**Q** 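Below is one structure. I have some questions about it.
Numbering of ligands and ligand atoms starts at 1, following listing order. In what follows, chains are A, B, ... by sequence order, proteins preceding strands, each numbered from 1.
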Amino acid sequence: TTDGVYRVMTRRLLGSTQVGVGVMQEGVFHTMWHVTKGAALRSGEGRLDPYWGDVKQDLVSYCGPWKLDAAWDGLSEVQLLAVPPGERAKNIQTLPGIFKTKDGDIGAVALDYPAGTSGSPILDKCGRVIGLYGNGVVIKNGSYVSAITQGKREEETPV
Amino acid sequence: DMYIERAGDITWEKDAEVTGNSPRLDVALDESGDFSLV
Ligand SMILES: N=C(N)N[C@@H]1CCCCNC(=O)[C@H](CCCCN)NC(=O)[C@H](CCCCN)NC(=O)Cc2cccc(c2)CNC(=O)CNC1=O
């Protein structure tokens, strides 16, 4: 569970398929729910068990609670650290648009990558992860816009 | 067998390629995590 960005792979009898991406931080793995469907993960010879998740947010964390707490500041450019299937990690910079919802605005990036790029981190200029890529909409011309999806880092749970 | 493989460090790239517009879209989020255009 060393810090960094990881591909999420599935293997049956033949080869492997990249189904998504996630972020290891503070010993917790963070990805989008639709990548793993909230099931357990293998890391080397070790098993990562789901710990927290929320299908409406389309998020899940493994080994501990959600750790990523940075937020888009609402006006600065951001970078998608895209990790596409079969391709090296690459940074793409963009100025987010907005998903306007009855409950508030969500930053959103008009960047279109393969489905298995889901869970790639979106970064601020300090390199902090301000959300994960891959829950979005298809607009009229067929292109894609992803929410900047971020979870809540809860305060330490009592004892 | 669903497993993870490290793919790199998380860093901001100086002088990165820029692209994409900044669409403003009315959307709804349902209890299953689906965004839809209104
Ligand atoms: N230019 C496109 N269409 N680009 C995407 C980028 C995915 C980026 C990663 N994210 C996803 O894989 C998610 C998974 C589902 C999450 C649901 N909570 N998906 C989406 O957020 C959208 C949602 C639509 C709104 C739901 N109310 N689903 C799709 O885009 C499905 C779709 C639609 C038309 C055509 C295609 C796919 C064919 N395109 C591909 O095969 C590769 N490209 C993509 O699929």
Side-chain angles (χ1 to χ4, degrees), chain A residues 5-10 15-23 29-39 41 50 52-62 66 68 72 78-87 89 91 93-99 101 103-123 129-151, chain B residues 2-5 7-8 10 19-23 25-38:
Chain A
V5 64
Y6 288 68
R7 303 170 195 270
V8 182
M9 310 294 300
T10 59
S16 297
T17 297
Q18 182 175 319
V19 293
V21 179
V23 171
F29 193 63
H30 305 77
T31 190
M32 305 210 78
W33 179 90
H34 74 257
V35 170
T36 66
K37 321 296 178 199
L41 294 168
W52 170 87
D54 184 315
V55 293
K56 183 174 180 172
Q57 295 174 42
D58 193 15
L59 292 180
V60 58
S61 68
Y62 294 74
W66 189 270
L68 313 178
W72 184 42
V78 306
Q79 284 183 9
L80 173 62
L81 180 54
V83 186
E87 298 185 1
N91 293 69
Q93 191 162 318
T94 197
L95 180 69
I98 298 288
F99 282 0
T101 82
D103 297 327
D105 296 342
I106 311 167
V109 298
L111 299 174
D112 200 355
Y113 282 88
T117 316
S118 294
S120 289
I122 302 166
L123 316 180
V129 178
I130 56 170
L132 306 185
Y133 172 86
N135 196 21
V137 299
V138 176
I139 60 171
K140 176 201 312 185
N141 67 2
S143 68
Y144 183 69
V145 184
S146 173
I148 302 173
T149 295
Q150 182 62 292
Chain B
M2 192 166 51
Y3 64 95
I4 65 178
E5 283 183 351
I10 296 171
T19 191
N21 64 317
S22 311
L25 302 163
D26 297 308
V27 307
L29 176 63
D30 78 10
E31 298 302 302
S32 292
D34 284 346
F35 286 112
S36 58
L37 293 165
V38 170

**Q** In terms of residue, atom name and distance, what is the protein heavy atom nearest to atom 23 (C) of ligand 1?
**A** A:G136 O, 3.3 Å
**Q** Looking only at non-hydrogen atoms, find the nearest pair between A:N135 and B:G33 and report the distance.
**A** ND2-O, 2.9 Å
**Q** Within the structure provided, determine whether B:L25 and A:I98 are in side-chain contact (heavy-atom separation under 4.5 Å).
**A** no
**Q** Within the protein, is there a heavy atom lying under 4.0 Å from atom 35 (C) of ligand 1?
**A** no
**Q** Give the atoms of ligand 1, by number and element, whose distance to some non-hydrogen atom of A:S118 is under 4.0 Å.
**A** 9 (C), 10 (N), 11 (C), 12 (O)
**Q** Among all protein non-hydrogen atoms, which one is nearest to atom 30 (O) of ligand 1, and what is the separation to 0.1 Å?
**A** A:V138 CG2, 3.3 Å
**Q** Show the atoms of ligand 1 that are less than 4.0 angstrom away from any heavy atom in A:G134.
**A** 9 (C), 10 (N), 11 (C), 13 (C), 21 (O)
**Q** With heavy atoms of B:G33 as the reference, note each atom of ligand 1 found under 4.0 Å away.
**A** 18 (N)
**Q** Do A:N141 and A:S143 have side-chain N/O donor and acceptor atoms under 3.5 Å apart?
**A** yes
**Q** Walk me through it: do B:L37 and B:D26 pass the test side chain to side chain contact (heavy atoms under 4.5 Å, CB included)?
**A** CA-CA 6 Å; B:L37 293 165; B:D26 297 308; over 6 Å; no
**Q** Any idea which protein heavy atom is nearest atom 7 (C) of ligand 1, and the distance to it?
**A** A:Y113 O, 3.8 Å
**Q** Which heavy-atom pair separates A:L81 from A:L123 by the least distance, and what is that distance?
**A** CB-CD1, 4.4 Å
**Q** Could you list the atoms of ligand 1 found under 4.0 angstrom from a heavy atom of B:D34?
**A** 17 (C), 18 (N)
**Q** Is there a protein heavy atom at a distance of less than 4.0 Å from atom 25 (C) of ligand 1?
**A** yes
**Q** Heavy atoms, side chains only, cut-off 4.5 Å: are A:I148 and A:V109 in contact?
**A** yes
**Q** Given the protein's heavy atoms, is any one of them under 4.0 Å from atom 14 (C) of ligand 1?
**A** yes
**Q** Would A:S118 and A:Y113 count as having a side-chain donor-acceptor pair, cut-off 3.5 Å?
**A** no
**Q** Protein heavy atoms near atom 41 (O) of ligand 1, is at least one of them under 4.0 angstrom away?
**A** no
**Q** Can you confirm whether something in the protein, heavy atoms only, sits under 4.0 Å from atom 10 (N) of ligand 1?
**A** yes
**Q** Are any of the side-chain heavy atoms of B:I4 and A:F29 separated by less than 4.5 Å?
**A** yes
**Q** Please examine the side chains of A:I122 and A:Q79, heavy atoms only from C-beta on, and report whether any two atoms are closer than 4.5 Å.
**A** no
**Q** Could you say whether the N/O atoms of B:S36 and ligand 1 ever approach to under 3.5 Å?
**A** no
**Q** Students should be able to answer this: which protein heavy-atom is nearest to atom 18 (N) of ligand 1, and at what distance?
**A** A:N135 OD1, 2.8 Å
**Q** Under 3.5 Å, is there a donor on one side chain and an acceptor on the other for A:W66 and A:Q150?
**A** yes
**Q** A:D112 to ligand 1: N or O pair under 3.5 Å?
**A** yes
**Q** Give a yes/no on ligand 1: does A:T117 have at least one heavy atom closer than 4.0 angstrom to it?
**A** no
**Q** Do the non-hydrogen side-chain atoms of A:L59 and A:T149 ever get within less than 4.5 Å of each other?
**A** yes
**Q** I want to know if ligand 1 touches A:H34 in the polar sense, i.e. an N/O pair below 3.5 angstrom.
**A** no
**Q** Checking a contact table here: which protein heavy atom is nearest atom 27 (N) of ligand 1, and how many Å away?
**A** B:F35 O, 2.7 Å
**Q** Answer yes if the side chains of A:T36 and A:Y62 hold a donor-acceptor pair under 3.5 Å, and no otherwise.
**A** yes
**Q** Can you find an N or O of A:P114 that's nearer than 3.5 Å to an N or O of ligand 1?
**A** no
**Q** Look at A:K56 together with B:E31 and state whether they make a salt bridge at an N to O cut-off of under 4.0 Å.
**A** yes
**Q** What protein heavy atom is closest to atom 45 (O) of ligand 1, reported as residue, atom name and distance in Å?
**A** A:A115 CB, 4.4 Å
**Q** Got the closest protein heavy atom to atom 21 (O) of ligand 1, with its distance?
**A** A:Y144 OH, 2.9 Å
